[PDB]
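Asker: I have a structure here, written as structure tokens, and I will follow up with some questions on it.
Number of protein chains: 2
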Amino acid sequence: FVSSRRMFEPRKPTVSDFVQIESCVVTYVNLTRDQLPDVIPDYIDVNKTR
Amino acid sequence: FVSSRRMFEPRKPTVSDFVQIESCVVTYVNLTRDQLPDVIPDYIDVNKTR
Ligand SMILES: *[C@@H]1O[C@H](CO[C@@H]2O[C@@H](C)[C@@H](O)[C@@H](O)[C@@H]2O)[C@@H](O[C@@H]2O[C@H](CO)[C@@H](O)[C@H](O)[C@H]2NC(C)=O)[C@H](O)[C@H]1NC(C)=O
Ligand SMILES: *[C@@H]1O[C@H](CO)[C@@H](O[C@@H]2O[C@H](CO)[C@@H](O)[C@H](O)[C@H]2NC(C)=O)[C@H](O)[C@H]1NC(C)=O
């Protein structure tokens, strides 16, 4: 869930809401190809659509 | 078109500028999926593409 830090406004995540980062860190939740759409309903699997 | 709240700089909107919302309200514009490409040139109908 994503919410304003000031105001609790829980919300589902968005693909555009995120940015890629060069390096992972130990605090990043582990995730897989299949899991990412589960976390992000907005995900687009180009490999599968192709 | 989307433009600054402060001033007038209109341009076509992008799905990247939008977000899901839990609750619809009667103020919201009724819309159809085929209108999404019409409303947003940046929308993609994933199901039909599949
Ligand atoms: C998320 O992943 C990082 C990266 O570690 C790898 O992936 C993990 C799922 C696990 O298989 C690690 O053994 C892999 O090395 C995790 O960071 C690891 O943390 C453990 C804790 O002791 C450490 O032994 C590993 O060396 C770390 N991995 C590194 C440094 O590459 C992390 O714990 C995973 N989970 C979360 C919630 O971030
Ligand atoms: C969009 O669709 C909704 C759902 O039908 C419309 O909401 C209705 O509005 C009328 C107007 O008084 C109410 O009587 C109904 O109770 C509403 N139904 C709901 C909220 O489920 C809405 O008018 C349509 N148009 C717009 C611009 O939202």
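Going down the list, the protein sequences come from chains A and B.
Take the first sequence: its letters are residues 1203 to 1252, numbered as in UniProt numbering.
Take the second sequence: its letters are residues 1203 to 1252, numbered as in UniProt numbering.
Each residue gets a CB set at the ideal place from its N, CA and C atoms; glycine is no exception.
1. Against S1206(A), what residues of chain B qualify as contacts under a CB-to-CB distance less than 7 Å, listed in chain order?
2. For ligand 2, is there any heavy atom lying closer than 7 Å to the beta carbon of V1228(B)?
3. In the DSSP assignment, what residue or residues form a beta bridge with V1204(B)?
4. Is the beta carbon of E1211(B) less than 8 Å from the beta carbon of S1205(B)?
5. Do you know offhand how far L1238(B)'s Cα is from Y1245(B)'s?
6. Rounding to the nearest angstrom, what Cα-Cα distance links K1250(A) and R1235(A) in this structure?
Answerer: Taking the structure as given:
1. Here the premise fails: no neighbours, minimum Cβ distance about 12 Å.
2. yes
3. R1213(B)
4. Yes, Cβ-Cβ distance for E1211(B) and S1205(B) is below 8 Å.
5. 6 Å
6. Whole-angstrom Cα-Cα distance: 11 Å.
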